[PDB]
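Asks: First the structure, then my questions, so here it is.
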Amino acid sequence: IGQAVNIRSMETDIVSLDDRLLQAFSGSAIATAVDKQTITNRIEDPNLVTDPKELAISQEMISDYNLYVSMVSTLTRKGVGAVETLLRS
Amino acid sequence: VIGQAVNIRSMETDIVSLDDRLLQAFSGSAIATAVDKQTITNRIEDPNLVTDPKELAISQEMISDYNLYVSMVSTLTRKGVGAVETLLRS
Amino acid sequence: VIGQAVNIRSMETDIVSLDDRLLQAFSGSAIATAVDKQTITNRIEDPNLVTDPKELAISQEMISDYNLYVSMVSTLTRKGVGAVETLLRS
Amino acid sequence: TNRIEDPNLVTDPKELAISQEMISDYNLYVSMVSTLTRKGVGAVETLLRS
Amino acid sequence: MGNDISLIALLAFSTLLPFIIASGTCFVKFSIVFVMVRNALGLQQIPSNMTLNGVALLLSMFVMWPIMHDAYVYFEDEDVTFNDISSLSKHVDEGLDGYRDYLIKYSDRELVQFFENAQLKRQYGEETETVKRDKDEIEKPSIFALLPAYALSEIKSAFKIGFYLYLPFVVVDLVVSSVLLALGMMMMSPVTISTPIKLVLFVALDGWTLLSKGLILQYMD
Amino acid sequence: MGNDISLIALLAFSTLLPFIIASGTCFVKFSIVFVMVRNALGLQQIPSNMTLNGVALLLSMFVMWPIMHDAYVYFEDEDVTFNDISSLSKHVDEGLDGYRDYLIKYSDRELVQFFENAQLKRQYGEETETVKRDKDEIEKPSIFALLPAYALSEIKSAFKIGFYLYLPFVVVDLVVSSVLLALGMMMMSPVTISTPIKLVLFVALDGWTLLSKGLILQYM
Amino acid sequence: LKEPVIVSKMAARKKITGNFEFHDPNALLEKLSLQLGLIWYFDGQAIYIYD
Amino acid sequence: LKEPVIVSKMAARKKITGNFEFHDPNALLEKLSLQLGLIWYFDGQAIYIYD
Amino acid sequence: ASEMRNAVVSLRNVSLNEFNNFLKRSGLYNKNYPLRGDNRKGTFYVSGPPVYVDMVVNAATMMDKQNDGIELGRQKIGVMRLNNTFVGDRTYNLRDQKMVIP
Amino acid sequence: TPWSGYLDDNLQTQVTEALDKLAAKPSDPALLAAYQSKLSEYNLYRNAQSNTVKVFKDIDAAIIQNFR
Amino acid sequence: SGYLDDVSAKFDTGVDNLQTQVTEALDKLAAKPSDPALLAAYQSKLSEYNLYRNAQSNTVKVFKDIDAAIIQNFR
Amino acid sequence: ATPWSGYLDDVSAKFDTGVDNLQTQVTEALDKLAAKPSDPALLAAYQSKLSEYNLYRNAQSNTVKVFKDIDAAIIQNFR
Amino acid sequence: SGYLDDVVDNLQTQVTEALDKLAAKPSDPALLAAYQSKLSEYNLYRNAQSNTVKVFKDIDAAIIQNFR
Amino acid sequence: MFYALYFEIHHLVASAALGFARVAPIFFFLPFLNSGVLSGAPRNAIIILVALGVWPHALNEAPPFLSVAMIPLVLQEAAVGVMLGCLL
Ligand SMILES: CCCCCCCCCCCC[N+](C)(C)[O-]
């Protein structure tokens with residue numbers, strides 16, 4: 001049990017369009033990197049891969065990860081898909 | 001049979017704009033859905049309901065109906081927007 | 001052998017519009033299907049029919065035939081629609 | 001075939017393997033004619049504009 | 001759904017829907033009138049087709065919505081209504097009269113009669129008496145015969161409307177050309193001068209208001 | 001992923017997005033104005049439509065950004081409790097008012113009101129005395145009434161701007177024709193003499209900067 | 001009548017003119033129901049009128 | 001006839017001209033059937049005429 | 001004023017008046033928008049400004065959930081002496097039959 | 001789910017009852033012979049039911065997935 | 001009708017009378033449950049029945065799966 | 001006529017998460033049995049509890065699996 | 001067939017014949033063991049045929065679409 | 001006979017396809033039909049409907065041309081359509 005939280009993380013005002021990207025990109029890449037790591041070290045630990053109460057947690061974590069990355073991919077593709085049609089047309 | 005209600009009269013179309021009828025349809029569907037998901041989840045935890053053969057035969061039907069309902073709506077909406085794409089992009 | 005009937009000279013001096021040919025086909029199929037589903041369910045409910053080998057061996061064939069029929073109608077319909085799309089679509 | 005032999009042979013695996021060939025080939029033939037006519041008309045329009 | 005064939009038919013219909021809108025709804029007419037206006041002003045690429053088709057589809061929604069809603073509640077209606085093949089085929093057929101009444105109300109009687117007779121002569125043979133229903137109650141004609149008559153009727157009337165709108169700009173063009181020849185500037189391309197006069201004329205008329213009003217009032221009393 | 005019917009609604013909206021931009025945003029106007037500049041200068045193929053549309057799309061984002069930000073934080077960031085049809089309907093509707101107000105700022109009232117009455121379809125053919133040209137409002141018209149009135153207003157505004165832009169270049173070439181007829185040289189077309197003059201006039205005016213600035217200033 | 005009245009979208013298309021006396025509304029309502037072709041009901045809280 | 005009459009769409013395309021009595025309809029109806037090429041049935045509630 | 005919120009709450013473990021005491025100690029109570037219901041039962045209606053409604057609904061739901069950890073049913077033991085009879089069961093071996101009195 | 005507009009539990013109680021009789025005297029051969037039959041029939045009933053409900057789900061899903 | 005019923009029937013026209021014999025032997029045995037002569041016959045008939053019904057059902061299952069594969073490859 | 005909407009207990013479930021009685025009781029029964037593996041009264045109890053725990057855990061896993069396939073199938077329907 | 005029109009034996013026959021022989025005596029191990037392998041070989045043949053017909057049609061459909 | 005409706009739909013689309021070759025050139029010449037006016041998704045939908053409205057034979061029986069080389073035939077029909085477009 002060793003835990004830390006970073007609290008003063010984000011600015012809520014209206015801000016230039018360039019930086020909303022950097023801040024979204026960075027926060028997302030960080031979240032996915034740590035999520036993936038915790039998944040793998042839940043499988044490598046023998047006390048967690050063999051307990052039926054723990055496996056049920058790992059199942060949810062894996063599924064949530066799958067869905068989150070599927071959705072960020074889909075919406076980004078439709079985002080650039082709009083621009084390319086307005087410009088080509 | 002424990003508690004039930006029904007809505008008897010639907011408001012006249014003569015006083016409601018075209019987009020109100022949409023908001024009103026959407027909201028009703030989104031709520032009936034969240035309520036069904038919750039109901040199923042609660043049936044899976046009451047130890048009396050999760051271990052009685054009589055009750056399981058009900059849970060299996062409830063989950064099959066939820067699955068078909070959401071697959072239906074998600075298909076027809078995709079066909080609906082595909083029509084607009086076909087007419088405008090073309 | 002029970003209650004057999006056949007129409008004769010169906011097309012010999014009258015021809016239906018396609019508009020009607022589709023409609024008769026749809027109706028004749030949809031009702032036969034709904035009656036077969038009820039027959040199956042009833043053969044499952046009756047305590048004397050789900051416990052006798054002779055009656056179970058009959059019910060297995062009914063379920064097999066229903067499943068094959070509905071799958072064939074669905075596949076042919078989808079394939080035939082596809083061709084009209086490839087014709088009309090610019 | 002209209003009211004001779006029998007209908008509904010959805011079920012015998014030997015005739016059901018003969019129907020697969022026909023049901024496919026006629027769909028391909030009809031699909032091909034649709035393209036050839038567009039090509040022909042397009043060639044005429046191309047020459048007449050130019 | 002309570003029945004599987006009822007589902008298959010619904011997915012087929014939802015797969016062919018756009019062509020029915022493209023060929024059997026006022027969209028076919030609005031789309032033409034706006035392109036005619038753009039031709040009249042002598043423009044090439046602006047407004048874009050995507051913008052003109054956008055407004056054309058929105059305006060078509062106000063006109064078609066009531067019969068689509070009517071058909072929807074008619075087929076949802078939960079009260080017991082049919083029992084057997086003849087009652088089902090009549091129930092389905094009866095559900096389409098809300099839309100046959102629409103096609104018939106705007107199709108040209110002469111075209112409807114032509115496409116009907118030419119089907120009778122296919123099915124029953126050309127020796128069957130040519131009907132000449134000159135005073136007529138057209139006996140619920142088949143929708144495959146009724147639909148192309150509507151399509152050509154809307155094309156006719158849209159062209160007709162588009163003609164009227166040219167005549168002011170035609171005047172503008174011939175006038176400008178005459179005054180330039182009166183000055184002898186034979187080498188001046190008139191289009192450079194006449195384009196802005198057309199634009200300011202149309203803006204002073206407020207064309208899009210008048211036009212979008214009248215186009216809708218033609219479909220409702 | 002929350003409620004999945006809200007997920008379906010989000011993906012649908014995301015698919016229709018380019019047509020909404022193409023018909024309910026000032027992109028409509030900027031796209032037309034820049035092309036008319038090219039026609040008034042009489043150039044047939046340069047700059048590319050790829051370039052002109054890219055610029056118009058960029059500029060319009062500055063104007064629309066303040067609204068999308070507010071809608072986002074209102075819907076997605078705030079967790080809220082709601083429990084029934086009426087509470088949800090009202091909650092959803094209230095989020096759109098930020099956009100609704102923009103449309104009503106740039107749309108023309110009698111046309112919006114006509115479309116409203118057309119979609120109620122009530123008692124129709126209501127007369128001009130059913131209206132009295134009122135001035136100050138707490139009405140909330142439908143968005144399906146507001147979108148086309150907006151489109152049809154923006155287009156007319158663009159045409160008006162295009163009227164003024166043509167005039168100086170029209171003067172520039174009738175002068176050239178008159179000088180060539182003062183000489184004997186009536187066999188020669190003005191165009192090859194006239195084009196460079198128009199290009200210098202336009203650069204001396206720096207028309208691109210005045211245009212972009214003034215187009216933005218209308219929406220501030 | 002002392003009751004709120006709800007009129008169907010269809011019945012609201014009809015028009016009327018003249019000088020009327022609402023002396024006994026239940027009776028007048030019954031009268032005009034048949035002349036104009038309406039139908040009506042009363043649940044105890046409001047009066048609903050249809051074509 | 002004292003019974004409602006239903007005529008099929010196809011049979012409704014024929015035309016007739018002249019001056020008729022209808023004195024004994026059941027007999028007349030039969031005679032006309034064979035001249036025009038019609039067939040007809042009677043269930044007890046309505047008379048159905050077809051080509 | 002058009003922003004007023006209203007909600008129905010149902011509690012299983014806590015009485016309405018018990019919740020009132022919580023609000024009063026908190027210094028959150030507001031006599032313009034008081035709770036309406038049966039002091040003795042667990043169901044009530046509340047309406048008011050957004051902040052107040054949300055806080056009430058959350059607080060009450062958490063109170064009710066936490067009281068699933070409390071217990072009421074403490075057993076008690078009674079010791080009762082019999083004054084007129086023997087506590088135990090008896091068996092009478094009749095020379096012909098064994099018979100039992102419980 | 002009803003097809004809109006179309007015109008057109010005892011075994012559980014019986015097994016419960018037989019169980020209650022048996023529980024009172026587990027050594028009676030007649031109560032044992034009866035319970036064996038009731039329990040066997042109930043078992044077969046529940047299995048046949050749940051297999052059929054799955055077969056219908058899978059046909060509806062295949063139909064949708066064909067046009068989806 | 002159908003081919004899968006044709007396959008099912010090709011068994012029932014194969015075992016002419018077994019369906020009757022089994023019930024008849026059961027009635028006899030039930031009349032005198034302790035006769036070894038009866039018992040010995042019933043054991044045989046019952047076994048022959050159990051086997052017939054299992055072979056029939058597994059064959060119908062296999063031909064059903066062959067057809068369900070072909071109707072998918074129609075697509 | 002239409003069925004009622006229902007009403008949504010939005011807050012309750014997500015913070016109703018907490019240590020289940022059922023696992024606690026399973027581990028307690030096992031610890032009682034392991035002290036005297038030959039007592040029939042304890043064996044009879046543990047058979048029942050372990051069985052119920054098996055059923056519960058399977059039913060839950062299969063349900064989570066079903067609910068997430070629907071969401072993956074929606075997203076794959078629109079991309 | 002008995003017929004040729006002018007202008008060995010296959011698994012389809014052998015299966016029908018072995019089923020026909022088996023159904024006369026469903027409890028003989030020689031016949032059962034002779035039938036298992038014919039029904040297996042017929043299942044494999046009838047799958048492999050359909051899968052390759054499907055491949056050749058998808059090739060031709062892709063060609064026509066590529067020249068659209 | 002089970003597949004007869006499926007084949008009957010394919011006979012329909014083969015007839016419409018061979019009719020398009022003769023009807024579309026007319027739509028090219030006339031001043032109220034050319035693509036300066038009628039364009040996008042309506043265009044094909046309308047041409048096909050007209051061609052089916054005028055095809056001379058019952059739509060539900062097999063097309064007679066299945067035995068013939070397709071190109072000479074398509075060119076023949078397009079030439080006929082061009083001649084009619086001129087005369088109209
Ligand atoms: C037909 C007369 C054309 C004269 C030039 C028109 C103005 C543009 C070019 C000169 C601009 C003045 N400047 C900046 C050089 O001083």
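Chain labels A, B, ... are given in the sequence in which chains occur in the structure tokens; within each chain residues are numbered consecutively from 1, and ligands are likewise numbered from 1 in the order shown.
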Residues contacting ligand 1 - anything with an atom at most 6 Å away, using only C-alpha atoms and all ligand atoms - can you give me those as a compact mmCIF listing (two decimals) with C-alpha atoms, in the first residue's frame?
Replies:
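Now in pocket-v5.txt:
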# COMPACT_ATOMS: atom_id res chain seq x y z
CA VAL F 172 -10.18 49.84 -63.94
CA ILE F 197 -3.23 46.72 -63.08
CA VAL F 200 -1.21 45.98 -58.25
CA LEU F 201 -4.36 47.73 -57.13
CA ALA F 204 -1.54 48.20 -52.74
Asks: Compile the contact shell of residue I:102 as a list in words: residues with an atom at most 9 Å away, counting only C-alpha atoms, same-chain residues fewer than 3 positions apart removed.
Replies: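 My reading of the contact set: residues 88, 89, 90 and 91 of chain I.
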Asks: Hey, what's within 7 Å of stretch 28-36 of chain F if we count only C-alpha atoms and toss same-chain stuff fewer than 3 positions away? As number ranges by chain, please?
Replies: E: 46-47; F: 22-23, 25, 39-40, 52-53, 56, 154-155, 158, 162
Asks: The selected residues should be written to file as a tab-separated table (two decimals), in the first residue's frame (atoms: N, CA, C and O atoms).
Replies:
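File produced: part-v9.tsv:
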chain	number	residue	atom	x	y	z
E	46	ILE	N	-20.45	28.44	-56.34
E	46	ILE	CA	-20.91	28.95	-55.06
E	46	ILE	C	-22.36	29.41	-55.18
E	46	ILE	O	-22.69	30.10	-56.15
E	47	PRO	N	-23.24	29.08	-54.24
E	47	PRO	CA	-23.09	28.21	-53.08
E	47	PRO	C	-22.82	26.77	-53.46
E	47	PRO	O	-23.20	26.36	-54.55
F	22	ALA	N	-21.31	22.83	-42.76
F	22	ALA	CA	-21.56	23.34	-44.10
F	22	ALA	C	-22.85	24.14	-44.25
F	22	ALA	O	-23.01	24.81	-45.26
F	23	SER	N	-23.76	24.07	-43.29
F	23	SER	CA	-25.06	24.74	-43.44
F	23	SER	C	-25.52	25.58	-42.26
F	23	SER	O	-26.58	26.19	-42.36
F	25	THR	N	-23.06	27.50	-39.98
F	25	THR	CA	-21.88	28.14	-39.42
F	25	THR	C	-21.37	29.15	-40.44
F	25	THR	O	-21.61	29.01	-41.64
F	39	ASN	N	-12.99	35.61	-58.61
F	39	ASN	CA	-13.69	35.92	-59.85
F	39	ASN	C	-13.56	37.38	-60.21
F	39	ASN	O	-13.37	37.72	-61.38
F	40	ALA	N	-13.64	38.27	-59.23
F	40	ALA	CA	-13.53	39.69	-59.53
F	40	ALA	C	-12.16	40.02	-60.08
F	40	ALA	O	-12.04	40.83	-61.00
F	52	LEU	N	-8.19	28.21	-50.51
F	52	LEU	CA	-9.22	29.13	-50.06
F	52	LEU	C	-10.10	28.51	-48.98
F	52	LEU	O	-10.38	29.14	-47.95
F	53	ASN	N	-10.55	27.27	-49.19
F	53	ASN	CA	-11.34	26.61	-48.15
F	53	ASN	C	-10.54	26.35	-46.89
F	53	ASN	O	-11.08	26.45	-45.79
F	56	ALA	N	-10.70	29.66	-45.02
F	56	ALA	CA	-12.04	29.88	-44.48
F	56	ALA	C	-12.36	28.98	-43.29
F	56	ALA	O	-12.93	29.43	-42.30
F	154	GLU	N	-27.32	34.23	-44.36
F	154	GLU	CA	-25.90	34.29	-44.66
F	154	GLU	C	-25.63	34.40	-46.15
F	154	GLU	O	-24.79	35.20	-46.59
F	155	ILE	N	-26.30	33.58	-46.96
F	155	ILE	CA	-26.09	33.67	-48.41
F	155	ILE	C	-26.37	35.08	-48.93
F	155	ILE	O	-25.58	35.63	-49.71
F	158	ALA	N	-23.56	37.43	-48.11
F	158	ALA	CA	-22.41	37.22	-48.98
F	158	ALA	C	-22.60	37.90	-50.33
F	158	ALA	O	-21.71	38.62	-50.80
F	162	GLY	N	-20.25	40.80	-52.12
F	162	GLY	CA	-19.74	40.63	-53.47
F	162	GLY	C	-20.14	41.72	-54.42
F	162	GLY	O	-19.43	41.95	-55.41
Asks: If you superpose chain C onto chain B over the full set of Cα atoms in sequence order, what number do you get for the RMSD in Å?
Replies: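 That comparison of chain B with chain C gives 2.2 Å.
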Asks: Considering only C-alpha atoms, return as a VMD selection string whatever protein or nucleic-acid residues lie within 8 Å of residue N:81, sequence-local ones (same chain, fewer than 4 positions apart) excluded.
Replies: chain N and resid 21 to 26 77 85
Asks: Residues of chain B classed as helix (DSSP H, G or I) by DSSP on the backbone are to be reported as number ranges by chain.
Replies: B: 13-15, 18-43, 47-51, 53-89
Asks: For stretch 213-218 of chain E, please output as a count of residues only all residues within 9 Å (counting only C-alpha atoms; exclusion window: fewer than 5 positions along the same chain).
Replies: 11
Asks: Find the distance between atom CA of residue K:45 and atom CA of residue K:62 and write it in Å to one decimal.
Replies: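 A separation of 26.6 Å between them.
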Asks: Once you count only C-alpha atoms, what closest atom pair and distance in Å to one decimal does each residue of chain G within 12 Å of chain F have, with rows by chain and rising residue number, as a tab-separated table?
Replies:
residue	atom	partner	partner_atom	distance
G:9	CA	F:122	CA	8.6
G:10	CA	F:122	CA	10.0
G:11	CA	F:123	CA	11.3
G:12	CA	F:123	CA	8.4
G:13	CA	F:123	CA	6.5
G:14	CA	F:123	CA	9.3
G:15	CA	F:123	CA	10.0
Asks: Determine, counting only C-alpha atoms, which protein, DNA and RNA residues have an atom within 12 Å of an atom of residue B:29; residues of the same chain fewer than 6 positions away are not included. Present the result as a ChimeraX atom specification.
Replies: /B:22-23,35-36,69-70,73 /F:3-6,8-9,84-85,88-89 /L:2-6
Asks: Dump N, CA and C atoms for the selected residues as a compact mmCIF listing (two decimals), in the first residue's frame?
Replies:
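Written out: result00.txt:
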# COMPACT_ATOMS: atom_id res chain seq x y z
N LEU B 22 -38.77 14.91 -30.63
CA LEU B 22 -37.55 14.13 -30.62
C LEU B 22 -36.94 14.06 -29.23
N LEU B 23 -36.69 15.20 -28.61
CA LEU B 23 -36.20 15.17 -27.24
C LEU B 23 -37.03 14.24 -26.37
N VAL B 35 -32.79 1.85 -16.72
CA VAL B 35 -33.53 1.13 -15.68
C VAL B 35 -33.48 -0.38 -15.89
N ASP B 36 -33.47 -0.85 -17.13
CA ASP B 36 -33.39 -2.29 -17.34
C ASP B 36 -32.01 -2.83 -16.98
N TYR B 69 -32.97 -5.45 -28.10
CA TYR B 69 -33.42 -4.07 -28.20
C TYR B 69 -32.29 -3.13 -28.59
N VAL B 70 -31.17 -3.20 -27.88
CA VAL B 70 -30.08 -2.29 -28.21
C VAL B 70 -29.47 -2.58 -29.58
N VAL B 73 -31.90 -0.78 -32.16
CA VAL B 73 -31.78 0.67 -32.24
C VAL B 73 -30.47 1.08 -32.89
N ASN F 3 -24.56 5.57 -20.30
CA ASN F 3 -25.70 5.03 -21.02
C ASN F 3 -25.40 4.87 -22.51
N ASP F 4 -25.62 3.66 -23.01
CA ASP F 4 -25.25 3.36 -24.39
C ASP F 4 -26.16 4.02 -25.42
N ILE F 5 -27.39 4.38 -25.08
CA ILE F 5 -28.16 5.16 -26.05
C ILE F 5 -27.60 6.57 -26.16
N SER F 6 -26.99 7.08 -25.10
CA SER F 6 -26.23 8.31 -25.23
C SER F 6 -24.98 8.10 -26.06
N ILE F 8 -24.82 5.94 -28.67
CA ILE F 8 -25.33 5.96 -30.04
C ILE F 8 -25.59 7.39 -30.49
N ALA F 9 -26.21 8.21 -29.64
CA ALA F 9 -26.49 9.57 -30.05
C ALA F 9 -25.21 10.35 -30.33
N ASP F 84 -36.10 11.60 -14.56
CA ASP F 84 -37.32 11.30 -15.30
C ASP F 84 -37.28 12.01 -16.64
N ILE F 85 -38.25 11.65 -17.47
CA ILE F 85 -38.40 12.22 -18.81
C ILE F 85 -38.34 13.74 -18.80
N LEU F 88 -34.90 15.26 -17.59
CA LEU F 88 -33.87 15.09 -18.60
C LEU F 88 -34.12 15.97 -19.81
N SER F 89 -35.34 15.98 -20.33
CA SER F 89 -35.64 16.80 -21.50
C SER F 89 -35.24 18.25 -21.25
N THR L 2 -48.80 3.46 -22.82
CA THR L 2 -47.38 3.16 -22.80
C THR L 2 -46.94 2.81 -21.39
N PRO L 3 -46.02 1.86 -21.22
CA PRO L 3 -45.54 1.56 -19.87
C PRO L 3 -44.76 2.71 -19.26
N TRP L 4 -44.81 2.77 -17.93
CA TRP L 4 -44.19 3.86 -17.19
C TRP L 4 -42.68 3.86 -17.38
N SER L 5 -42.08 5.04 -17.22
CA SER L 5 -40.65 5.19 -17.42
C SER L 5 -39.82 4.40 -16.40
N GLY L 6 -40.33 4.19 -15.20
CA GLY L 6 -39.46 3.90 -14.08
C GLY L 6 -38.74 5.14 -13.59
Asks: Applying 9 Å and only C-alpha atoms, which residues near stretch 45-56 of chain B remain after dropping the ones on its own chain fewer than 5 positions away? List them as JSON, numbers by chain.
Replies: {"B": [61], "J": [12, 46], "L": [22, 52, 55, 56, 59, 60]}
Asks: For atom CA of residue I:43 and atom CA of residue B:27, quote the distance in Å rounded to one decimal.
Replies: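 Value for the atom CA of residue I:43-atom CA of residue B:27 distance: 25.9 Å.
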Asks: At most 12 Å is the cut-off: for each residue in chain D with any atom that close to an atom of chain M, write down the nearest atom pair and the distance in Å rounded to one decimal, counting only C-alpha atoms, chain first then increasing number, as a tab-separated table.
Replies:
residue	atom	partner	partner_atom	distance
D:12	CA	M:12	CA	11.6
D:13	CA	M:46	CA	8.2
D:14	CA	M:12	CA	7.9
D:15	CA	M:12	CA	11.4
D:16	CA	M:50	CA	10.3
D:17	CA	M:50	CA	7.4
D:18	CA	M:50	CA	10.1
D:19	CA	M:50	CA	11.2
D:20	CA	M:50	CA	8.3
D:21	CA	M:53	CA	7.7
D:22	CA	M:57	CA	11.2
D:23	CA	M:57	CA	10.8
D:24	CA	M:57	CA	7.1
D:25	CA	M:57	CA	8.0
D:26	CA	M:57	CA	11.2
D:27	CA	M:61	CA	9.6
D:28	CA	M:61	CA	7.0
D:29	CA	M:64	CA	10.2
D:30	CA	M:64	CA	11.2
D:31	CA	M:64	CA	8.0
D:32	CA	M:64	CA	6.8
D:33	CA	M:64	CA	10.3
D:34	CA	M:68	CA	9.6
D:35	CA	M:68	CA	6.5
D:36	CA	M:68	CA	9.3
D:37	CA	M:68	CA	11.4
D:38	CA	M:68	CA	9.3
D:39	CA	M:68	CA	9.0
Asks: Distance limit 12 Å, atoms considered: only C-alpha atoms. Which chain A residues sit that close to chain E? Return them as a list in words.
Replies: residues 85, 86, 87, 88 and 89 of chain A
Asks: For the selection you just gave me, I'd like the residues written to a file as a short mmCIF file (atom, residue, chain, number, x, y, z; two decimals), in the first residue's frame, keeping N, CA and C atoms.
Replies:
data_model
loop_
_atom_site.label_atom_id
_atom_site.label_comp_id
_atom_site.auth_asym_id
_atom_site.auth_seq_id
_atom_site.Cartn_x
_atom_site.Cartn_y
_atom_site.Cartn_z
N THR A 85 -13.54 16.12 -45.93
CA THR A 85 -14.64 16.29 -46.88
C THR A 85 -14.96 17.75 -47.13
N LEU A 86 -14.98 18.58 -46.10
CA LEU A 86 -15.21 20.00 -46.35
C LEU A 86 -14.16 20.59 -47.28
N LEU A 87 -12.90 20.19 -47.12
CA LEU A 87 -11.86 20.75 -47.99
C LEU A 87 -11.90 20.17 -49.40
N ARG A 88 -11.96 18.85 -49.55
CA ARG A 88 -12.04 18.31 -50.90
C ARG A 88 -13.24 18.87 -51.65
N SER A 89 -14.39 18.92 -51.01
CA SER A 89 -15.57 19.45 -51.67
C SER A 89 -15.47 20.96 -51.80
#
Asks: Ranking B:59, B:90, B:13, B:75 by minimum distance to residue J:63 and counting only C-alpha atoms, which one comes first?
Replies: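 So, comparing all the options, the nearest one is B:75.
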Asks: Residues of chain B within 9 Å of chain L, counting only C-alpha atoms, what are they? List them as a ChimeraX atom specification.
Replies: /B:4-10,28-29,31-32,34-35,37-38,41,44-45,47,50-51,63,67,70-71,74-75,78
